[PDB]
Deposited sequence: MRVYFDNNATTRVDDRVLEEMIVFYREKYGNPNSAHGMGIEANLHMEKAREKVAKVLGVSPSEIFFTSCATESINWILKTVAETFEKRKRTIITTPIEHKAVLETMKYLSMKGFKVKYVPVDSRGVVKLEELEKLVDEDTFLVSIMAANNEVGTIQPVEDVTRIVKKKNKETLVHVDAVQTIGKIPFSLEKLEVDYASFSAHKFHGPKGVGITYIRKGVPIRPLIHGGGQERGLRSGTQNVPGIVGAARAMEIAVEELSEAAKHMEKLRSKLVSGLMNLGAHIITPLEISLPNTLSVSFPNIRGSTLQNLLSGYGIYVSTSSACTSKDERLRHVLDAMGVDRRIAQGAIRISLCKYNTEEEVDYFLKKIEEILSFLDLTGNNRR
């Protein structure tokens, strides 16, 4: 049996999404910027996708931008916003549990002369709100937080972070890496009061090669990619129409089936939690404040990679750092840590299979 439990790394495209995408590869393949009939037709569907994404997120179509991935969206926002504040402001705040897309960009901005401060997180991986309040100063133009951690699944208090940041400095902008939200926990930007947000379609059964960016009307931004003038002149290059259409459909389906999908994942996760603890596993993920499909565990007596390799040999796929370290997790636990991440298509039969095979693997070791 093939058991894919690494959905936080990427997901299989939904059959409904793929079907819609094929139309744009085979029939409506026009360039959305062309003034002719096939061009206007492509542009129509691209705009319909943008509107569908805006509706799901609760924002205006004009605030939705398409990129090649969330990593691009993140580089774009962090780097161009910084660029608009050069000579004026110099302080940026984020957390040490952010994805490398954010961290490596912050590392780059540091080299360029910016001051990046890191708000620590507690042992459950939740940002320390009291330390955040202190770190935010008048020279702070941007705060970048994630809606949920990809490795351990810890959900962050975005609303409190936004409220606390605005009270300490009304002008500070907030960016939310919202990649792990869609289809796992509810996420609307309608009343969230953030300025920028990043999403990746392949994390919610959408295709790879497509990122989604929310940029609040009027906030700072410049092009990371200059050229033909696509995306209101802010991100040039021919738009990945098939991808954009699939991604929008994927987002809509993910949010529409959220309630049922979340209950189901939460249920499969509880079966995994108990079955693994009974085999000697330490649970790293804080179950009460985490994505319902995510479960980071550890068998301290075994290297995570060794466990990962053996599971893969049995047709079971899981994944295997800077996050656990920031959480104060013991090095021995971190060394044997593996991440199990479900999707709406995972079943109880796969969980039973996973528990049975992992027990065998463990007895041989």
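Practice task
Could you please spell out the deposited residue ranges that have no C-alpha entry in the coordinates?
Solution key: The deposited sequence has unmodelled segments at 321-331, 377-384.
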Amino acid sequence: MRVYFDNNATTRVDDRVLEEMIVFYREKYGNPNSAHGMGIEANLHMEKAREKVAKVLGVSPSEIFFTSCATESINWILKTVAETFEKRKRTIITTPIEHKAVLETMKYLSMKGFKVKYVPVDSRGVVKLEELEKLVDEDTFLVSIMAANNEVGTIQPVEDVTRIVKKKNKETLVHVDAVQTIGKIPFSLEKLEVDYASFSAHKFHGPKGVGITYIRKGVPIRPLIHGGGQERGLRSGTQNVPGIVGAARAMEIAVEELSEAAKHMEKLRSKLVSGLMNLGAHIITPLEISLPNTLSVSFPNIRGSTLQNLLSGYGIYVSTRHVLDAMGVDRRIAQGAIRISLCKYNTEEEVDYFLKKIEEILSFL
From here on, numbers count along this sequence of modelled residues.
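Problem - Mean C-alpha temperature factor, higher of 65-73 and 300-308 - result: Stretch with the greater average CA B-factor: 300-308.
Exercise for the section: With reference to the PDB entry, specify whether the mean Cα temperature factor is higher for 147-155 or for 128-136. Expected result: Per the deposited B-factors, the answer is 128-136.
Practice task
Compare the CA B factors listed in the entry for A197, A82, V241, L295 and report the winner.
Solution key: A82 has the highest C-alpha B-factor of those listed.
Problem - Candidate set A254, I212, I221, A178 [ranked by C-alpha B-factor, highest] - result: Of the candidates given, the C-alpha B-factor peaks at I221.
Handout entry: CA B-factor ranking of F354, expressed as a third of its chain
Key = Its C-alpha B-factor, which the entry lists for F354, ranks in the lowest third among residues of this chain.
Practice task
For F204, return the chain-relative third of its C-alpha B-factor as stated in the PDB record: lowest, middle or highest.
Solution key: Bottom third by C-alpha B-factor.
Practice task
Can you work out whether the C-alpha temperature factor of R249 puts it in the lowest, middle or highest third of the chain?
Solution key: Answer is lowest: the recorded C-alpha B-factor places it there.
Exercise for the section: Place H36 in the lowest, middle or highest third of its chain's C-alpha B-factors, as listed in the PDB entry. Expected result: Ranked within chain, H36 CA B lands in the lowest tercile.
Practice task
Compare the C-alpha B factor of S60 with those of the other modelled residues in its chain, then answer lowest, middle or highest third.
Solution key: Highest third - that is where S60 ends up once the chain's C-alpha B-factors are sorted.
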